[PDB]
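Undergrad:
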DNA sequence: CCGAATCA
DNA sequence: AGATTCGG
């Protein structure tokens, strides 16, 4: 009683694989060299209208009927059963004209880009003519970057880490180590953030201190929903941690933002499985203080220092008109080319995210403790023969140092007053009582081992 | 089994580009020289009925069928895939008869106005005959404005800032610096607000103190939904900040209302991406007090003082019948012409929004502190040779002044009693402890540098 | 494939302009000499059925089909594009039989009333036979009103203000000055309220103290939705303001209820633009106390005193059976005729709403202050030659009087103990500190000018 | 392309006036001698099916089709324009079999009851056989009432006021003076309340202290929404006023519950204008304490004292099995007859509510 | 293939 | 001069 040919048209459309069922139970369409997607409005009908010209005239004429078109859309929905997931590759950069590869630097379009299923995109059309190195904009932006981070051997490690972070901003996979941009106000962090935002378009997203000092998994969370399927996250506006009224960075939150699928409820929808592919960068003017510090957190945190003010390692004047050029996307393609070059230099063929926690006072204190306070163990029991005369008493098969002796000897390596709050917090977090008073921390000095 | 010509009619309609798919997934229509839009009811059918006369009789007759008309509407919906965004230009003033340019003062209509995609409009038809300068209404309104803000050299900067703010009320872009209307009751702020509202019609919107002292991003927020795609916002009814029971202006809220797309959930809809193009003006009778004060906030805030009462820099009598004339829109076109003249004088070709925070007691205190308490740095370490004898002790490579010395010397420049709460709050927000008692603030006097 | 004549019928119907598209995007119909309206159910089909007899038999027969009737309704919806606003005139009184003019006292019906677009109505049919002056009910109601408000020269101003307020209860425009009904319990305020309610039917609406002491703009607000497009509002049940546990009247709320379109979200709908055409009257047994007092509020507030008890300026007995007559609408048309007469006496041709704030203790205190404490200005600087010897010290080009002197001299005009809380609140709201202790209020006595 | 006869059938149905449009924008139907009403589901189709037999066979066959029946319903909706208000008379008592008049005591049914438009009803079928005076249940209930309130000259005023309040519980108009039931615990107030509830069926509604000490007009208010179109409200559970933490009775609330159409937002609906025809009775064991005292409140308050404890003015034994008879509706029609007799004694021809503030 | 029934 | 089915 209906059109048999409509199912044939649906089958032919699904042969092209122009519409796919996402793992989240959503539908995507391949229109205008882009994987367009909208949960609110099914774009299947729009896809049918787009690809009607790619079909015999006997079928394109039938597709003109909205009723028949909706019938074909329903047929496609029914046939599409396997919820095929997307956005697997981390080395492909989508555009409004297709996909650009980060490996060879070759940009794909049309069916070449259709082989890649990218739900999001950079938000603008790709232009290879502007995507060149021998351009005045490229040279100007290189000068700007050198101003922000000098190419000096003292800053060579810091500059290289900054370049690696910027290259990893293009990564489509999880970030295994958080990056901190430390410095003073207007040291180039904001300029770098604006340049990255202009270069990557819709892939950019920024947030404040909310996710860093508050529990994300509490009812709906717009921040987590926005951060899903992203390329880079900027966490600016941190408070004076040394002063009262400022919260500490929650290590639990930092460890939460390190998984491929970070949990968090969206608004009036069930999309808790938020895929985390974004490079999270923290902008601050002060050295952060964390509520909890451990080896895992120190291996999840890297710090980049900005040491050149623009009126430090150097002082220069401020360019007022450069902000307008950034807002005009004059250096967008130059920044993109620089990021591609850095990605090839560093992240080709494998992503690398190494931690640098030694640029934080509390982190440095904990690192020095760990280098000097290796935990007691059964393997350290045979050392009791030499450690008995040094105050270390064997308590429950553990080499234990008295709290008084520990506090006396911790003033030799650390300032007992500068680290007084830090030392007290570390003790309270790691002290144990023998009976009531022979308080000990299950750590051993290497000076006595 | 249906009409093949219906798709041809849809194609011809979309050739005219009379209907566009917004970035928010909404549909707009170009009817009666206006970009009409309604999410609740799709105006596509109404657009088809409007433009049926612009089509051959073979097609206009077919469009008379509501079923065929809905079929063509569905075809248009399917063909429209690219969610083209609108309202880009900040220099175009829409009307019910078309678009008026702020650059050359030329008003466009019909297809000339169709080139511009304005979702909102002034809410009334444009009239060039009333849009003249050599009119009695223009002279009367100029006299009224001079009464509100005298053309005196003492008030010349204040008057010019007020004129710049009024001209920027026509801006279709983000406001980079909040404006404060400070004064006493009935000093002309309400008259100016009413004149602007009558001049700009639907583009006007006003709000209370809710957005200034409360967190906007908390579930649904009607205020943010209303403020989207606006031209000017008035924030009146501020409390006595010096007295108890009155909240402080949240600097976080002020910084939130400074982005092109301010977040905030509407009512039973997903339009969190609220575009902010409105000039936010704050009406108050008292000098505001902020919970947090920083350089960014002071660069985001400007203050305009009203110094002429109407029974100050001058005192005059009250005109009871002027309110009726304002409500009758007698000076609507005169006010519009004055705003166009001011926009050409100031904002042509580029918008300018400079901060004036020095008209606020706490802001003035913080500005004087910043001029006198430049933060310590490594660049200031070589000054330790001269600063050691002046009480500045080098602590962790930071030039640190004792809290006692800081409090003693802050009474020389500031009244230690008048600013006692302010000084204490600043210290608590910016003090750091050396060990327990050598409390310091990482700032250096210039009298000793 | 459908009926071409259906569009012709729709065109003919829209020629009559029997259905109009409101500014709020709603549809109204002109049925039974009334502009019926319902957002929940479109009355267009009912209008088509009503006016089918006003069409040729070739069309009335076609309109009998519900499918064709719905088709014509959709055609009318599509053709109706201009969202024409309604309820402009304030001088027209709608009825269930048409519209009564307040200017000439002539009642219109049918197409004469169709020229007027009134969304609301009095809720009952008009009867000119009962709308007469030479009736026993009119004389009885005149006696009742004279009992409530004596026709005495002492109360002549109060009686005239009461009559003006009652006449303005018929106004279809914004009320520029709030009215207060002050007195004791059962002084005639409730009787007047009941008489007005019976006279005006659906146009009446009453509310409690919620809108006076609470913030209206907080999510949904049924009160604002009900008050829209109304003629009169009664705010009764005020607490003992001098005693604890009673909130103060928010001046912000009072100023909010003074605009043609008062904001406020309805329930599960977007009708925030609530048109305010109602005469707001406050019923209380105590003199109100406001959280904030200013010149604008005092110019927005009028007070009417009821000085005749019914067991004051006179004491009479209570009529138990008069309440039944009021509930039977016996004096409805007499009250309507009296209101029309008062409107012609006072509000013809222009509405007049003058403030009388001098009947409130705090308001009287502030009025006396303003008469005695004119604010200092540059125009008052030349008076410093005579004011220096009187304690007025010129501080920052402002004539400043010490707080001690101000408190000493404020006890001469005001009772420093009776107004002690009022004087202290005024000082705290208006005091300024020279350095810490030469506290001043920027106001000057006229005894020294 | 439809049938012409459907509009004619709709016109004929509307001639019978079996369906009416309420003032609240709702529809009511006259089925089984009752003005049935439902906003959730339009009962128009059911009414058409019911009255298809009252029509020529040429039309009943057409009405059998649900689609044609819905079409006729749409026609009726289009033709129904005047939102005629209903339930005006305060002297008519609706039932499931019709309406009983409080003036002459005559019960109406069918088209006689159709002339009366009652959205609500007593919730049970009327029975004149049980509605008689010479019944053992009537005598037993008279004894019970005399126990609750003695027929003594000392309590003659209190007894008469109590009888007037019980008679006014059947009033369909506004209550101009609130009535208080003062005394101690289990003095007979609960028994009288249960008897009234059993007698009046659905027309009864009972609440606690919420509406007496709190602000009614604050967002949705299910209590006020339920109180609409009611005949009597019982407000029990008043706390000890002397003890701290117990709120006082708000005079504003009392004045609010004295208008024909008391405001208040229902839940997810627009029924703010709630008609108030209910005789509000407050059950308490302490002398009331009010936030404000004034003549109007004193002119709005009536006090009835219960002075007979059932283990005061009398002390009698407890009848445990009487509650079972009450719940079995044994004294329902006897109580109804007593209420009608009291209404004729007091409220014929005019309702009367006189305050007693001196108590 | 035309008409009627069934009809978005 | 819904389309589509069923009947002629």
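Chains as they are written, first to last, in this note's numbering: chain A, -9 to 439; chain B, -9 to 439; chain C, -9 to 439; chain D, -11 to 347. All C-beta atoms in this analysis are idealised placements derived from N, C-alpha and C, irrespective of residue type, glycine included.
#1: Does residue 30 of chain A come out as helix, strand or coil in the three-state DSSP assignment?
#2: State the beta-bridge partners of residue -8 of chain D as determined by DSSP.
#3: Residue range of the beta strand (DSSP E) that residue 176 of chain C falls in?
#4: At 8 Å on the CB atoms, spell out the chain D contacts of residue 21 of chain C, in chain order.
#5: Check whether chain B comes within 8 Å of residue 32 of chain A, counting only Cβ atoms and requiring the distance to be less than that.
#6: Report yes if the C-beta distance between residue 11 of chain D and residue 71 of chain D is below 8 Å; otherwise report no.
#7: Just by C-beta distance, which residues in the segment 208 to 219 of chain D are closer than 7 Å to chain C?
#8: Hey, how far is the Cα of residue 281 of chain B from the Cα of residue 203 of chain C?
#9: For chain C, is any of its Cβ atoms less than 8 Å away from the one on residue 455 of chain B?
#10: Kindly list, in the order they appear in chain C, the residues whose Cβ is closer than 7 Å to that of residue -10 of chain D.
#11: Please report how far the alpha carbon of residue 393 of chain C lies from the alpha carbon of residue 417 of chain C, in whole angstroms.
#12: For residue 433 of chain A and residue 84 of chain A, what's the separation of their Cα atoms in angstroms?
#13: For residue 446 of chain B, does the three-state DSSP call read helix, strand or coil?
#14: Residue 174 of chain A and residue 23 of chain A look like a contact to me (Cβ under 8 Å); what is the Cβ gap, rounded to whole Å?
#15: What separation, rounded to the nearest whole angstrom, lies between the Cα atoms of residue 423 of chain A and residue 364 of chain A?
#16: Span of the alpha helix (DSSP H) holding residue 361 of chain C?
#17: By DSSP's criteria, residue 98 of chain B is part of a beta bridge. Which residues make up the other side?
#18: Residue 343 of chain D and residue 290 of chain D look like a contact to me (Cβ under 8 Å); what is the Cβ gap, rounded to whole Å?
#19: What is the DSSP secondary structure of residue 8 of chain C, counted as helix, strand or coil?
#20: Anything in chain B within Cβ reach of residue 292 of chain C, meaning under 9 Å, just list it in chain order.
#21: Any C-beta of chain A sitting closer than 8 Å to the C-beta of residue 208 of chain B?
#22: Taking only beta carbons into account, state which residues of the segment 364 to 386 of chain A come closer than 8 Å to chain B, listed in chain order.
#23: For residue 330 of chain A, does the three-state DSSP call read helix, strand or coil?
#24: Closer than 8 Å between beta carbons: that is the criterion. Which residues of the segment 293 to 310 of chain B meet it against chain C?
#25: I need the straight-line Cα distance from residue 242 of chain D to residue 253 of chain D, nearest angstrom please.
#26: Starting from the Cα of residue 131 of chain C, find the closest Cα among C:118, C:185, C:341 and C:170 and give me that residue.
#27: Are the C-beta of residue 285 of chain C and some C-beta of chain B separated by less than 8 Å?
#28: For the beta strand (DSSP E) holding residue 197 of chain A, just list the boundary residues, first then last.
#29: Starting from the N-terminal side, write out each stretch of the beta strand (DSSP E) that is 3 residues or longer and does not extend beyond the segment 247 to 332 of chain D.
#30: Is there a C-beta anywhere in chain C that falls below 8 Å from the one on residue 171 of chain D?
#31: Below 7 Å CB to CB, which residues in the same chain sit around residue 252 of chain A once its five sequence neighbours on both sides are set aside?
#32: By the criterion of Cβ-Cβ separation under 7 Å, what are the contact partners of residue 39 of chain C in chain D?
#33: Suppose contacts are defined by Cβ-Cβ distances below 8 Å. Is residue 34 of chain A in contact with residue 49 of chain A by that definition?
#34: Give every residue of the same chain whose Cβ lies closer than 6 Å to the Cβ of residue 89 of chain A, excluding the five residues on either side of it in the sequence, and list them in chain order.
#35: Listed from N- to C-terminal order along the chain, which residues in the segment 178 to 201 of chain C have their beta-carbon within a distance smaller than 8 Å of any beta-carbon of chain D?
TA: Working from what's here:
#1: Note: residue 30 of chain A maps to coil in three-state DSSP.
#2: Beta-bridge pairing links residue -8 of chain D to no other residue.
#3: Per DSSP, residue 176 of chain C belongs to no beta strand (DSSP E) and is neither H nor E.
#4: For the C-beta of residue 21 of chain C, the chain D residues within less than 8 Å are, from N- to C-terminus, 69.
#5: Using a Cβ-Cβ cut-off of 8 Å, residue 32 of chain A does not count as an interface residue toward chain B, since no Cβ of chain B sits closer than that to its own.
#6: Yes; because the gap between Cβ atoms is below 8 Å, this pair is in contact.
#7: Hits within the stretch: zero.
#8: Taking the straight line from one Cα to the other gives about 26 Å.
#9: Lying before the first or after the last residue shown, residue 455 of chain B is absent from chain B, which here runs from -9 to 439.
#10: Chain C residues near residue -10 of chain D: 55, 56 and 57.
#11: Annotation: residue 393 of chain C to residue 417 of chain C spans about 9 Å, alpha carbon to alpha carbon.
#12: Computed Cα separation, rounded: 51 Å.
#13: Past the boundaries of the shown model lies residue 446 of chain B; chain B is included only from -9 to 439, so the question cannot be answered.
#14: Rounded, the Cβ-Cβ distance is 44 Å, inconsistent with contact.
#15: Rounded to whole angstroms, residue 423 of chain A to residue 364 of chain A spans 19 Å at the Cα level.
#16: Its alpha helix (DSSP H) spans residues 351 to 362.
#17: DSSP, once it has assigned bridges, lists B:89 as partnering residue 98 of chain B.
#18: Rounded, the Cβ-Cβ distance is 5 Å, consistent with contact.
#19: DSSP, reduced to helix, strand and coil, places residue 8 of chain C outside both helices and strands of the structure shown, so it counts as coil.
#20: Here the premise fails: no neighbours, minimum Cβ distance about 15 Å.
#21: Using beta-carbon distances, residue 208 of chain B does not count as an interface residue toward chain A, since no partner is under 8 Å.
#22: Hits within the stretch: zero.
#23: Reduced to three states, the DSSP call for residue 330 of chain A is helix.
#24: Going along the segment 293 to 310 of chain B in chain order, one finds 299, 302, 303, 304 and 305 with a Cβ nearer than 8 Å to chain C.
#25: Near 18 Å, if we compare the C-alpha coordinates of residue 253 of chain D and residue 242 of chain D.
#26: Residue C:185 holds the alpha-carbon nearest to the alpha-carbon of residue 131 of chain C among C:118, C:185, C:341 and C:170.
#27: By this cut-off, residue 285 of chain C is an interface position.
#28: First-last of the beta strand (DSSP E) with residue 197 of chain A: 194 to 197.
#29: Entirely contained in the segment 247 to 332 of chain D, the beta strand (DSSP E) runs reaching 3 residues are, in chain order, 267 to 271, 289 to 293, 296 to 298 and 302 to 304.
#30: When Cβ-Cβ separations below 8 Å define contact, residue 171 of chain D makes no contact with chain C.
#31: Exclusion of the five residues before and after residue 252 of chain A leaves 214, 246, 264 and 266 as the residues of its chain whose Cβ lies within less than 7 Å of its Cβ.
#32: Neighbours of residue 39 of chain C in chain D, taken as residues whose beta carbon is under 7 Å from its own, are 66 and 67 in chain order.
#33: No, they are not a contact pair.
#34: Excluding residues within five positions, the ones whose Cβ falls inside 6 Å are 82, 98, 103 and 106.
#35: Hits within the stretch, in order: 180, 196, 197, 198, 199 and 200.
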